[PDB]
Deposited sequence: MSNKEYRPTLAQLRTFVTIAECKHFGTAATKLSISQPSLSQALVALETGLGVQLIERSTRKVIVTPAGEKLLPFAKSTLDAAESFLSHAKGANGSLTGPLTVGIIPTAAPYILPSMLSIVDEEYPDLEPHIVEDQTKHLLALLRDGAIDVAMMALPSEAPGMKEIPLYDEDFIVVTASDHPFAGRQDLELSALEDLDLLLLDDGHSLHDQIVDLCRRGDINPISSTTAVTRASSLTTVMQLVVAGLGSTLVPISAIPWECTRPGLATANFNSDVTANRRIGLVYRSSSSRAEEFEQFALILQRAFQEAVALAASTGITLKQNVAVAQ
C-alpha cells in the first residue's frame, strides 16, 4: 500500500547534502520536528535505515547512498514539471538525451556542445552514439528523447525535422589519378575500388545507391571512418566521406581529395527524428536551430583546411 511522497524525498535529499538537521530544515522552511517526522515515515514505509544520527554529524547509511541518486532524479523530474507548467513555452531546459549516428557525432559535437554551454546553461545534454537501428530502438523506448540521423528513417511512428544536406567528397591516395580533380562524373565511381562501412551504417547505403544511379555495381570491411582512412593511405581503395569529417579524417599524410562536377549531386539529408506522440515539437525545433548552426561551424572548419569543397 505504501508509496513515498515528494515531500519525504525532498527531506531525505536535503538531509544527505546539508548533513545537519537544523540546516536542512531551514532550507526547506519547515520545523525540525517536521523534518524528522517525514524521514521516519519514509524509513518505516520502506523498512530500511536511511540516516544514521550521530553526535557530531549525521551520516548517510550504505543503503541510503544507493537510493540518493534515485531520489534526486525524482525531484529533478518534479521540478521540471513545475518549470514547464509556469509557461516555459519551448525553452531548452532540463535533461535532453540526444542520439547521434557515428558518421556525424564526432564532427558535429564540438561546435554543438560549445553552443549549448554558452547560450543554454540550464540545458543538460546527454549524448548517445550508436547506429541507426539501435537509435530508433532507444527512441521507441523512453531511453532517448530525439535522434539525429539520415532521412528518410523509414519509421512510421516517428516525425522528422529536416536539418541540412551534407555533401560528399572523394578520398583517394596521394598517388591516385583522380587526386585533386574537381570535375568528376558519376561514371568515375566505376574506376574506383570503394571502401565502405559495413551493413549497419547508413553511409553504406548512401553510396551503393549512388553507384546504381546510372552506373555499374566486398571482403574488406571496416566499422569506422578512421580505419577506412588508413586503408586509403595504404592504397587499398578509395572512399566517400561527408565534408564535416574533413578536418578530423582527411588531414593526415598520404591522402588526397576530389569532388564531382556541379551537375552531380552526391549528398545525404540529415534530420531530427522524434516520436509522433511527443508534445515537445517546438522544443525540438529550437534544438534543431542549434544543430544547424553547429553544422555551418563544422563546414567553416572544413573550408579552413584549404581542401577544395564542392
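No alpha-carbon coordinates exist for the deposited sequence positions 1-4, 222-227, 321-327, given here in order along the chain.
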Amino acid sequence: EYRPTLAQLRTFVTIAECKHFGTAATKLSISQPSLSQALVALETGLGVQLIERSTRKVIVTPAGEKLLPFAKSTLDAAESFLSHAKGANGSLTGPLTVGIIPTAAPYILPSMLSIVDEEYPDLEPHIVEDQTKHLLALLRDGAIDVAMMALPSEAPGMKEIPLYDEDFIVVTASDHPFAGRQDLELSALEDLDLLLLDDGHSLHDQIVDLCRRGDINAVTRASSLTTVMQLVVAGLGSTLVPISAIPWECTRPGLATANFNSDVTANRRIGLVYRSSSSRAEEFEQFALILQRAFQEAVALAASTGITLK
From here on, numbers count along this sequence of modelled residues.
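If you average the C-alpha B-factors over 89-97 and over 227-235, the higher value belongs to 89-97.
In this entry, 201-209 has the higher mean Cα B-factor, the comparison being between 159-167 and 201-209. Across the residues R280, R268, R56, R275, the deposited record lists the maximum Cα B factor for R56. Per the PDB record, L189 has a higher Cα B-factor than any other of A77, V116, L189, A143.
Looking at the C-alpha B-factors along this chain, the one for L82 belongs to the highest third.
The PDB entry assigns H134 a C-alpha temperature factor belonging to the lowest third of its chain's modelled residues. Among the modelled residues of its chain, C250 has a C-alpha B-factor that falls in the middle third, as given in the PDB entry. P242 sits in the lowest third of its chain by CA B factor, as recorded in the PDB entry. Sorting the modelled residues of the chain by their CA temperature factor places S34 in the middle third.
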